[PDB]
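Before any comments, here is the structure.
Protein chains in written order, with UniProt numbering: chain A, 22 to 58; chain B, 22 to 232; chain C, 175 to 232; chain D, 175 to 232; chain E, 22 to 58.
Next up, the structure:
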């Protein structure tokens with residue numbers, strides 16, 4: 022009865038790969054902000 | 022049964038060979054930096070919070086729920102009646118003589134019902150989760166899993182929810198009661214878990230037996 | 175279900191600063207405290223007992 | 175499942191600074207506290223007992 | 022008897038997706054207020 026396939030409570034992926042960030046613009050500044058929310 | 026090939030919990034290689042470093046450029050400087058990984062604007066006095074997808078956040082699981090209810094009702098009613106003309110006078114022996122009115126009756130009714138229920142649950146632990154979605158209002162959807170294999174089994178602690186960034190403390194930690202859609206799971210496998218499942222026949226009699 | 179009913183005549187000068195008046199300052203005080211359900215039905219004498227209470231010689 | 179229902183008429187000047195008023199300051203107070211499920215079904219008299227409570231002589 | 026389908030007490034959805042906010046107007050101000058209630 023413990024061998025019956027079951028759906029977990031937290032479905033899906035339990036990890037997220039950090040997304041690489043945008044390439045800085047060529048404006049002469051060190052501060053570069055990604056697409057602001 | 023212990024000779025059956027099995028896949029470990031931490032699959033893959035458990036070691037990494039340091040990669041040799043780039044050959045320094047011939048610019049007349051001692052400081053030489055390998056291909057730099059840029060991470061974007063990082064604040065200096067703002068607390069270390071998860072901001073993007075992939076950032077990690079510590080959840081202090083502390084759940085303590087205890088609900089209860091109880092009720093009762095009762096009723097009772099007792100009655101006795103009696104009349105005895107032990108010595109009937111002669112002028113009244115036609116109305117009360119020969120026990121024509123002598124009576125004795127009794128009655129009783131009782132009822133006592135009661136009921137109640139109670140539920141409780143507790144959880145205490147610490148789990149690091151990862152932000153896998155940033156919502157329109159800035160709230161972070163977080164998911165996480167910890168797997169521990171001790172001796173003869175495997176335990177999985179999974180967590181999921183929505184965390185408001187302003188609830189995260191200075192140590193990048195938030196109690197589990199501040200997560201909106203908290204999904205907390207603590208399961209295991211192996212014969213230790215198989216020993217806590219009711220037998221199919223017992224689990225059928227629990228549902229289909231009359232009493 | 176329990177019903178608490180009240181009726182009467184209140185003189186305004188007896189009402190305190192908290193808009194309250196004791197029930198002994200109401201002229202035609204009609205106070206009722208009744209209930210229904212089997213709890214109330216258990217406190218009514220049986221018809222035969224209630225008849226013997228009135229018609230039995232002693 | 176338990177249901178707690180309330181109804182009545184509240185005078186605004188009785189409401190405290192914390193937006194709260196005791197239930198004894200509500201004019202037509204209708205307070206109900208009921209439940210369902212087998213816990214409630216266990217507190218109802220059996221139909222035959224509820225009939226003998228009303229129709230038995232004593 | 023526990024397998025009988027039942028309607029929960031809190032029916033409906035138990036979550037709300039934050040709605041994306043209006044696009045700021047081009048008036049030269051940083052303060053932008055959505056349709057005020």
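C-beta atoms are modelled at their ideal positions from N, C-alpha and C, and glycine is treated no differently.
Residue contact check for residue 227 of chain D against chain B: a CB pair falls below 8 Å. Going by beta carbons, residue 82 of chain B and residue 171 of chain B fall outside the 8 Å limit.
Close partners of residue 130 of chain B in chain D (Cβ separation under 8 Å): 223, 226, 227, 230. In the three-state scheme derived from DSSP, where H, G and I count as helix and E and B as strand, residue 186 of chain D is classed as helix. Contacts with chain B at 8 Å (Cβ-Cβ) include residue 214 of chain D.
When B:192, B:150, B:197, B:227 are compared, the shortest CA-CA separation from residue 38 of chain A is found for B:150. Within 9 Å of the CB of residue 157 of chain B, the CB atoms of chain E belong to 38, 39, 40, 41, 42, in sequence order along the chain. The beta carbon of residue 129 of chain B is closer than 6 Å to those of 99 in its chain, skipping five residues each way along the sequence. Non-local C-beta neighbours of residue 53 of chain B in its own chain, meaning closer than 6 Å and more than five positions away in sequence, comprise 45, ordered along the chain. The segment 123-141 of chain B makes contact with the segment 87-97 of chain B: 3 or more CB pairs, one atom from each, lie closer than 8 Å.
In the DSSP assignment, residue 213 of chain D falls within the alpha helix (DSSP H) that extends over 212-215. Within a 10 Å sphere around the beta-carbon of residue 224 of chain B sit fewer than 16 other beta-carbons, which makes this residue exposed. With contact defined as three or more Cβ pairs closer than 8 Å, the segment 149-163 of chain B and the segment 71-80 of chain B are in contact. In this structure residue 132 of chain B is buried. Its beta-carbon is surrounded by 16 or more other beta-carbon atoms within 10 angstroms.
Below 8 Å, too few C-beta pairs join the segment 119-127 of chain B and the segment 175-184 of chain D to call them touching: fewer than three. Boundaries of the beta strand (DSSP E) harbouring residue 161 of chain B: 161-169, taken from the DSSP string. Separation of the CB atoms of residue 215 of chain C and residue 228 of chain D is rounded to 6 Å, and the pair is thereby assigned contact status at 8 Å.
Close partners of residue 220 of chain C in chain B (Cβ separation under 7 Å): 100, 128. Residue 209 of chain B and residue 174 of chain B have their C-alpha atoms some 7 Å from each other. DSSP, read as helix, strand or coil, puts residue 36 of chain E in coil. Ranking B:80, B:60, B:226, B:231 by CA distance to the CA of residue 147 of chain B puts B:80 first.
Short of 7 Å from the beta carbon of residue 201 of chain D, and not among the five residues preceding or following it, lie these beta carbons of its own chain, in chain order: 182, 183. With a 10 Å radius around the Cβ and a threshold of 16 neighbouring Cβ atoms, residue 189 of chain C comes out exposed. The Cβ atoms of residue 61 of chain B and residue 42 of chain A sit closer than 8 Å to each other. At least 8 Å separates the CB of residue 199 of chain D from every CB of chain B. Under the three-state reduction of DSSP output, residue 191 of chain B falls in the coil class, being neither helix nor strand. The beta carbon of residue 179 of chain B sits closer than 6 Å to the beta carbons of 166, 206 from its chain, once the five residues preceding and following it are set aside; these are given in chain order. At a cut-off of 8 Å, the C-beta of residue 142 of chain B has no neighbouring C-beta in chain E. Judged by beta-carbon spacing, residue 160 of chain B lies beyond the 8 Å limit of residue 69 of chain B, meaning their Cβ atoms are not closer than that value.
Around residue 23 of chain E, the beta-carbon contacts reaching into chain B at under 7 Å are 228. At a Cβ-Cβ threshold of 8 Å, residue 96 of chain B and residue 232 of chain D do not count as neighbours.
Scanning chain B for C-beta atoms nearer than 7 Å to the C-beta of residue 55 of chain A yields 61, reported in chain order. DSSP places residue 226 of chain B in the helix class (H, G or I) of the three-state scheme.
Comparing alpha-carbon positions, the option among B:59, B:217, B:191 lying closest to residue 66 of chain B turns out to be B:191. In this structure, residue 86 of chain B sits near residue 142 of chain B, with a CB-CB distance shorter than 8 Å.
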